[PDB]
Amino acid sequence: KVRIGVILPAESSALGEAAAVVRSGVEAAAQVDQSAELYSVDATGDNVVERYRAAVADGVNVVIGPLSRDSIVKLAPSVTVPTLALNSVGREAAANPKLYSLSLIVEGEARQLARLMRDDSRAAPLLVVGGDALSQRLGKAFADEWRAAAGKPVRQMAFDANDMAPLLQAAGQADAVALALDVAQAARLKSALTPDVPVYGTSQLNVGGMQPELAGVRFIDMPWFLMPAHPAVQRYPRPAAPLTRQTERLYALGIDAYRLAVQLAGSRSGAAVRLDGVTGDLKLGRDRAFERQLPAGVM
């Protein structure tokens, strides 16, 4: 049977707090599904190859990890069993057909949001984009996808906190608003916009706690949050600790990493592997990354 090596950074890594949450999700899924044995070791960077090697030497037949970008690059040439990294394989990583990725890459959500809005017959949306790095990545990805689908650019405006009038005028001519904007500014803008204009965002907006200013915003996020009656979502326990949405996403990532690992151990390749993931519907796409198709919700 299936022996999964769970090779993630130790507590003191800058990624160690995230790694512990991911581990707790992997464990939760293993306890429910009981389809595999876990072999857990801490490793990152300078020792990741050696400890990966020793996990394989000990009979591991699929691996979850690594987490850091730099560990992925160092490891790729040595990958000899199906290995599910939890970050992008960067451009510098060596090509290796047994190396796969599952991650929460934000561009994926932006692309989907453009597709959702097309489905919803938004003909002339306004894309509003913040100044922080995540928002700017989202906005580019949204805009590229919109252009691909519509064959014309989306109207795009830089958010201006000190002079919102021009944006409100542009928003008045639009049949929806797409936000790639930090949650604080998004809430301010939602309160200024006409109350009835459809407003959309990614999981960027779903931070947790009381968010009364964002009520009615349509967004995409994990089944784990949006679909309590999804068959996979229901069978796994919620985390013991109340987590931020950010962190709980990592717990859910752990659950699906476990589930994908079990399939990857049992398949000729990733290409035939699909999953009704708690993090989204999963299937292999570019860069041997499992892309995540997300349900819509209303804040």
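Numbering starts at 1 and runs along the sequence shown.
Residue stretch of maximal mean CA temperature factor, 76 to 84 vs 217 to 225: Per the PDB entry, the higher value belongs to 76 to 84.
Mean C-alpha B-factor comparison - 28 to 36 and 261 to 269, higher one: Per the PDB entry, the higher value belongs to 261 to 269.
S203, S191, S135, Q156, ranked by C-alpha B-factor: the highest one: In the PDB entry, the greatest C-alpha B-factor among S203, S191, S135, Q156 is found at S191.
Residue selected from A150, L102, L126, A187 by maximal Cα B factor: Top of the list by C-alpha B-factor: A150.
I64 - which third its CA temperature factor falls in, relative to the rest of the chain: For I64, whose C-alpha B-factor we compare with every modelled residue in the chain, the answer is the lowest third.
Chain thirds of CA B-factor: placement of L179: Answer is lowest: the recorded C-alpha B-factor places it there.
Third of chain Cα B-factors occupied by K140: Its C-alpha B-factor belongs to the lowest third of this chain's values.
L116 CA temperature factor, ranked by third within the chain: Middle third, going by the recorded CA B-factors of the chain.
Chain-wide C-alpha B factor ranking for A170, given as lowest, middle or highest third: Top third by C-alpha B-factor.
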